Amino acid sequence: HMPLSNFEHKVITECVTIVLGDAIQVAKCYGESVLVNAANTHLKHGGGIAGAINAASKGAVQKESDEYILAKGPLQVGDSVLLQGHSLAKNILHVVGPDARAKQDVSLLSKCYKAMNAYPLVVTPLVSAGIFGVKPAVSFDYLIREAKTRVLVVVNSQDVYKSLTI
């Protein structure tokens, strides 16, 4: 079974496909992929996809992240950091999308998605599209504008999936 058949998906461009499912699982089918974590300034992976990723890695993502943040200090918004994959992916790219509730610049999503272009295959959720208050459609708009590499954008609500795929 070629990986994406385990999932409902729709190719948008030769670059971007929209997959309905859990991004952790999609990334598990591609060992050469980089998994995008939708993270905060302090890489505190307490919930959302950050907590699911931290939990899949059995706490390891949190401890690596604590060492990095202690050493470098906290990340700005739109910053990204490539860290270990903890066998969930070749690597995890921790991406700090803007927080709309806090009235942060949503065009910083462009900076977040740009970072994904350094990798040949990336599996990502919609950055800032949950508690951070950016509509998934709006997050998807920033992604499709910047994606120059092969990006599997994975949405785990079926409603979001139907909206994105017309």
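All residue numbers refer to positions in the sequence shown, first residue = 1.
- Between the stretches 100-108 and 55-63, it is 100-108 that shows the larger average CA temperature factor.
- Of the candidates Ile131, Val122, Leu126, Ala115, the deposited coordinates give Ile131 the top C-alpha B factor.
- Ranked within its chain, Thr149 lands in the lowest third, by CA B factor from the PDB record.
- Remark: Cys29 belongs to the highest third of its chain, ranked by C-alpha B-factor as recorded.
- Looking at the C-alpha B-factors along this chain, the one for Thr17 belongs to the lowest third.
- Among the modelled residues of the chain, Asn91 sits in the lowest third by CA temperature factor in this PDB entry.
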